[PDB]
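Peer 1: You'll find structure_5.cif just under this line, and it carries mmCIF, C-alpha atoms.
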data_coords
loop_
_atom_site.label_atom_id
_atom_site.label_comp_id
_atom_site.auth_asym_id
_atom_site.auth_seq_id
_atom_site.Cartn_x
_atom_site.Cartn_y
_atom_site.Cartn_z
CA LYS A 249 19.76 -20.62 -4.27
CA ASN A 250 16.06 -19.80 -4.61
CA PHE A 251 14.90 -19.00 -1.09
CA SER A 252 15.76 -15.29 -1.02
CA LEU A 253 12.89 -14.57 -3.38
CA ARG A 254 10.42 -16.32 -1.05
CA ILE A 255 11.64 -14.16 1.83
CA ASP A 256 11.33 -11.17 -0.53
CA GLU A 257 7.57 -11.76 -0.52
CA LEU A 258 7.05 -11.31 3.23
CA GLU A 259 8.83 -7.97 3.03
CA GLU A 260 6.09 -6.76 0.69
CA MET A 261 3.32 -8.51 2.61
CA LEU A 262 4.18 -7.20 6.05
CA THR A 263 6.99 -4.64 6.48
CA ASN A 264 5.88 -1.59 4.52
CA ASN A 265 2.26 -2.64 5.07
CA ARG A 266 0.39 -0.05 7.09
CA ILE A 267 -2.30 -2.05 8.88
CA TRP A 268 0.17 -4.59 10.18
CA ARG A 269 2.51 -1.80 11.22
CA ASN A 270 -0.45 -0.25 13.02
CA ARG A 271 -1.19 -3.59 14.69
CA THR A 272 2.45 -3.75 15.83
CA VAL A 273 4.33 -0.61 16.90
CA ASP A 274 5.29 0.38 20.46
CA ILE A 275 3.32 -2.56 21.89
CA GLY A 276 4.69 -4.56 24.78
CA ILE A 277 7.73 -2.38 25.38
CA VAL A 278 9.60 -4.22 28.11
CA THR A 279 13.11 -2.92 27.72
CA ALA A 280 14.58 -2.15 31.14
CA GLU A 281 17.00 -4.10 33.27
CA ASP A 282 13.87 -5.76 34.53
CA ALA A 283 14.00 -7.25 31.03
CA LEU A 284 17.23 -8.90 32.19
CA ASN A 285 16.40 -9.37 35.86
CA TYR A 286 13.68 -11.70 34.56
CA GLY A 287 16.46 -13.81 33.05
CA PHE A 288 15.48 -13.64 29.39
CA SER A 289 17.39 -15.44 26.68
CA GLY A 290 17.57 -14.03 23.13
CA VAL A 291 15.09 -12.18 21.03
CA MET A 292 13.09 -10.18 23.57
CA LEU A 293 16.67 -9.26 24.45
CA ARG A 294 18.96 -8.12 21.57
CA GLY A 295 15.96 -7.01 19.53
CA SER A 296 15.67 -4.58 22.47
CA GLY A 297 19.14 -3.33 23.29
CA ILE A 298 21.71 -5.73 24.65
CA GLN A 299 23.90 -7.26 21.96
CA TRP A 300 24.86 -10.79 23.09
CA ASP A 301 24.41 -14.37 21.88
CA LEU A 302 26.18 -17.64 22.68
CA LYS B 7 35.57 -42.82 -1.64
CA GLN B 8 32.08 -41.83 -2.82
CA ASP B 9 31.51 -38.60 -0.93
CA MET B 10 29.66 -35.39 -1.57
CA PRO B 11 31.19 -31.98 -2.13
CA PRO B 12 31.77 -30.80 -5.71
CA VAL B 13 35.02 -29.31 -6.95
CA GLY B 14 33.10 -26.37 -8.38
CA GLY B 15 29.76 -24.97 -9.43
CA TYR B 16 28.35 -22.39 -7.04
CA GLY B 17 26.41 -19.14 -6.85
CA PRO B 18 25.75 -18.00 -4.25
CA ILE B 19 22.31 -16.50 -3.81
CA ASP B 20 22.12 -13.07 -2.27
CA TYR B 21 21.22 -12.05 1.24
CA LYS B 22 20.09 -8.68 -0.12
CA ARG B 23 16.80 -6.80 0.15
CA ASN B 24 15.61 -4.54 -2.68
CA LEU B 25 12.43 -3.70 -4.60
CA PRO B 26 12.13 0.11 -4.44
CA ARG B 27 10.59 0.83 -7.87
CA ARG B 28 9.17 4.37 -8.17
CA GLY B 29 6.51 4.68 -9.13
CA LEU B 30 5.21 8.03 -10.41
CA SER B 31 5.39 9.94 -7.14
CA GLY B 32 5.95 13.46 -5.85
CA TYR B 33 3.80 16.13 -7.65
CA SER B 34 3.21 13.71 -10.52
CA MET B 35 0.43 12.35 -8.37
CA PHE B 36 -2.00 15.04 -7.12
CA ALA B 37 -1.66 16.35 -10.71
CA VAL B 38 -3.23 13.47 -12.62
CA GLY B 39 -5.93 13.41 -9.94
CA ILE B 40 -6.98 17.04 -10.22
CA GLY B 41 -6.59 16.85 -13.99
CA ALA B 42 -9.01 13.93 -14.06
CA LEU B 43 -11.48 15.50 -11.64
CA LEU B 44 -11.73 18.79 -13.55
CA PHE B 45 -12.48 16.80 -16.69
CA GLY B 46 -15.47 15.40 -14.81
CA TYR B 47 -17.07 18.70 -13.87
CA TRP B 48 -16.31 19.97 -17.36
CA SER B 49 -18.30 16.97 -18.56
CA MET B 50 -20.98 18.31 -16.28
CA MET B 51 -22.56 21.68 -17.26
CA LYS B 52 -22.86 20.23 -20.78
CA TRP B 53 -25.33 17.58 -19.66
CA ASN B 54 -26.95 18.96 -16.48
CA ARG B 55 -27.42 22.31 -18.19
CA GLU B 56 -28.75 20.61 -21.32
CA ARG B 57 -31.20 18.44 -19.39
CA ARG B 58 -32.54 21.64 -17.86
CA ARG B 59 -33.52 22.79 -21.34
CA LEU B 60 -35.42 19.61 -22.18
CA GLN B 61 -37.04 19.87 -18.74
CA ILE B 62 -38.77 23.12 -19.74
CA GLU B 63 -39.98 21.46 -22.94
CA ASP B 64 -41.57 18.75 -20.79
CA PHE B 65 -43.46 21.39 -18.83
CA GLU B 66 -44.20 23.14 -22.13
CA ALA B 67 -46.51 20.42 -23.43
CA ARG B 68 -48.43 20.61 -20.16
CA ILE B 69 -49.09 24.34 -20.38
CA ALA B 70 -50.11 24.39 -24.04
CA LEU B 71 -53.01 22.17 -23.02
CA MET B 72 -55.25 22.54 -19.92
CA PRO B 73 -57.59 25.10 -20.91
#
Could the structure of this file be written out as structure tokens, please?
Peer 2:
Amino acid sequence: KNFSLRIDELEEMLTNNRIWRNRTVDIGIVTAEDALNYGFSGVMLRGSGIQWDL
Amino acid sequence: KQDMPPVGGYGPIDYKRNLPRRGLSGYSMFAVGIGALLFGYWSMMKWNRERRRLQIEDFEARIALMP
């Protein structure tokens, strides 16, 4: 009952932070159907497009 | 017959995501900034101008001697 505050700290550490957003935007964009021809499982799938999980 | 789950007493805790507290934004800022900065230069011209007056007094004691 008290874990959603601890995950409410990382939102203010990282998400609306600017330097970490600058360290991570548009980096390593593999999104094609070569990102499924490689036989990937989940995230680095569904985080890029295709909604599916077992 | 000694097993866990209670008959009642629950929350739950949220899954939510919220802390958007504003914050003094949007023409409130850029207005306290310029209003502070113009108080600075107004606090100049009362000291830098005044030090320029005592400066001439410092040269004054030189010139009244040296013949």
Peer 1: Chain A near segment 7-23 of chain B within 9 Å: what's each residue's closest atom pair and its distance in Å to one decimal, counting all atoms listed in the file, ordered by chain then ascending residue number, as a tab-separated table?
Peer 2:
residue	atom	partner	partner_atom	distance
A:249	CA	B:19	CA	4.9
A:250	CA	B:19	CA	7.1
A:251	CA	B:19	CA	8.3
A:252	CA	B:21	CA	6.7
A:256	CA	B:23	CA	7.0
A:259	CA	B:23	CA	8.6
Peer 1: I'd like the contact shell of segment 26-42 of chain B - 12 Å cut-off, only C-alpha atoms, skipping same-chain residues fewer than 4 positions apart - returned as an MDAnalysis selection string.
Peer 2: (chainID A and resid 256 259:260 264) or (chainID B and resid 46:49)
Peer 1: Which residues, written as a PyMOL selection string, have at least one atom at most 10 Å from segment 280-288 of chain A, with all atoms listed in the file counted and residues fewer than 4 positions away on the same chain left out?
Peer 2: chain A and resi 292-293+296-298
Peer 1: Could the residues in this selection be saved with C-alpha atoms as a CSV table (one decimal), keeping the file's coordinate frame?
Peer 2:
chain,number,residue,atom,x,y,z
A,292,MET,CA,13.1,-10.2,23.6
A,293,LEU,CA,16.7,-9.3,24.4
A,296,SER,CA,15.7,-4.6,22.5
A,297,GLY,CA,19.1,-3.3,23.3
A,298,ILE,CA,21.7,-5.7,24.6
Peer 1: Of the candidates A:262, A:255, A:302, A:276, which one gets nearest to residue 290 of chain A if we count all atoms listed in the file?
Peer 2: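 Using all atoms listed in the file, residue 290 of chain A sits closest to A:302.
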Peer 1: Between atom CA of residue 289 of chain A and atom CA of residue 277 of chain A, what is the distance, to one decimal in Å?
Peer 2: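 Between atom CA of residue 289 of chain A and atom CA of residue 277 of chain A the gap works out to 16.3 Å.
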Peer 1: Could you state the separation of atom CA of residue 66 of chain B and atom CA of residue 52 of chain B in Å, given to one decimal place?
Peer 2: 21.6 Å
Peer 1: In Å, how far is it from atom CA of residue 25 of chain B to atom CA of residue 273 of chain A?
Peer 2: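 Computing the Euclidean distance for atom CA of residue 25 of chain B and atom CA of residue 273 of chain A yields 23.2 Å.
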Peer 1: Rank nothing, just name the residue among B:24, B:70, B:58, B:51 nearest to chain A, using all atoms listed in the file.
Peer 2: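 So, comparing all the options, the nearest one is B:24.
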Peer 1: Centre and edge lengths of an axis-aligned box around all listed atoms of segment 279-298 of chain A, with 3 Å added on each side, are to be given in Å to one decimal, as JSON.
Peer 2:
{"center_x": 17.4, "center_y": -8.8, "center_z": 27.7, "size_x": 14.6, "size_y": 19.3, "size_z": 22.3}
Peer 1: Just chain A from the block, C-alpha atoms, as a PDB file, in the first residue's frame, could you?
Peer 2:
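out_7.pdb written:
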ATOM      1  CA  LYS A 249       0.000   0.000   0.000  1.00  0.00           C
ATOM      2  CA  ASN A 250       3.080   2.225   0.189  1.00  0.00           C
ATOM      3  CA  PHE A 251       5.030   1.489  -2.968  1.00  0.00           C
ATOM      4  CA  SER A 252       3.327   3.968  -5.306  1.00  0.00           C
ATOM      5  CA  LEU A 253       5.049   6.833  -3.521  1.00  0.00           C
ATOM      6  CA  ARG A 254       8.469   5.249  -4.085  1.00  0.00           C
ATOM      7  CA  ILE A 255       7.706   4.972  -7.800  1.00  0.00           C
ATOM      8  CA  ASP A 256       6.499   8.588  -7.633  1.00  0.00           C
ATOM      9  CA  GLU A 257      10.093   9.578  -6.878  1.00  0.00           C
ATOM     10  CA  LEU A 258      11.624   8.204 -10.097  1.00  0.00           C
ATOM     11  CA  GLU A 259       9.085  10.199 -12.092  1.00  0.00           C
ATOM     12  CA  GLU A 260      10.566  13.373 -10.628  1.00  0.00           C
ATOM     13  CA  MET A 261      14.142  12.121 -10.837  1.00  0.00           C
ATOM     14  CA  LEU A 262      14.088  11.035 -14.459  1.00  0.00           C
ATOM     15  CA  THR A 263      11.004  11.698 -16.609  1.00  0.00           C
ATOM     16  CA  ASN A 264      10.642  15.469 -16.718  1.00  0.00           C
ATOM     17  CA  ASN A 265      14.393  15.775 -16.144  1.00  0.00           C
ATOM     18  CA  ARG A 266      16.086  17.458 -19.074  1.00  0.00           C
ATOM     19  CA  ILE A 267      19.613  16.040 -19.043  1.00  0.00           C
ATOM     20  CA  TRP A 268      18.394  12.471 -18.862  1.00  0.00           C
ATOM     21  CA  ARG A 269      15.862  13.187 -21.596  1.00  0.00           C
ATOM     22  CA  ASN A 270      18.746  14.594 -23.619  1.00  0.00           C
ATOM     23  CA  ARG A 271      20.781  11.456 -22.913  1.00  0.00           C
ATOM     24  CA  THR A 272      17.845   9.359 -24.133  1.00  0.00           C
ATOM     25  CA  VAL A 273      15.662  10.500 -27.043  1.00  0.00           C
ATOM     26  CA  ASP A 274      15.632   9.070 -30.585  1.00  0.00           C
ATOM     27  CA  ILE A 275      18.628   6.840 -29.787  1.00  0.00           C
ATOM     28  CA  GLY A 276      18.776   3.291 -31.077  1.00  0.00           C
ATOM     29  CA  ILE A 277      15.626   3.497 -33.172  1.00  0.00           C
ATOM     30  CA  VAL A 278      15.224  -0.040 -34.481  1.00  0.00           C
ATOM     31  CA  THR A 279      11.554  -0.188 -35.317  1.00  0.00           C
ATOM     32  CA  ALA A 280      11.078  -1.909 -38.671  1.00  0.00           C
ATOM     33  CA  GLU A 281      10.013  -5.427 -39.506  1.00  0.00           C
ATOM     34  CA  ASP A 282      13.692  -6.145 -39.195  1.00  0.00           C
ATOM     35  CA  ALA A 283      12.861  -5.556 -35.526  1.00  0.00           C
ATOM     36  CA  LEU A 284      10.679  -8.655 -35.836  1.00  0.00           C
ATOM     37  CA  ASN A 285      12.701 -10.571 -38.412  1.00  0.00           C
ATOM     38  CA  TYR A 286      15.373 -10.650 -35.701  1.00  0.00           C
ATOM     39  CA  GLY A 287      12.891 -12.573 -33.554  1.00  0.00           C
ATOM     40  CA  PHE A 288      12.615 -10.192 -30.622  1.00  0.00           C
ATOM     41  CA  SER A 289      10.478 -10.928 -27.595  1.00  0.00           C
ATOM     42  CA  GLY A 290       8.844  -8.097 -25.599  1.00  0.00           C
ATOM     43  CA  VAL A 291      10.002  -4.653 -24.734  1.00  0.00           C
ATOM     44  CA  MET A 292      12.116  -3.641 -27.725  1.00  0.00           C
ATOM     45  CA  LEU A 293       8.884  -4.766 -29.364  1.00  0.00           C
ATOM     46  CA  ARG A 294       5.603  -3.295 -27.974  1.00  0.00           C
ATOM     47  CA  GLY A 295       7.438  -0.246 -26.661  1.00  0.00           C
ATOM     48  CA  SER A 296       8.001   0.235 -30.413  1.00  0.00           C
ATOM     49  CA  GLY A 297       4.758  -0.559 -32.190  1.00  0.00           C
ATOM     50  CA  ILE A 298       3.434  -4.086 -32.155  1.00  0.00           C
ATOM     51  CA  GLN A 299       0.981  -4.740 -29.336  1.00  0.00           C
ATOM     52  CA  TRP A 300       1.337  -8.395 -28.274  1.00  0.00           C
ATOM     53  CA  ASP A 301       2.279 -10.357 -25.149  1.00  0.00           C
ATOM     54  CA  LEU A 302       1.735 -13.957 -24.054  1.00  0.00           C
TER      55      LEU A 302
END
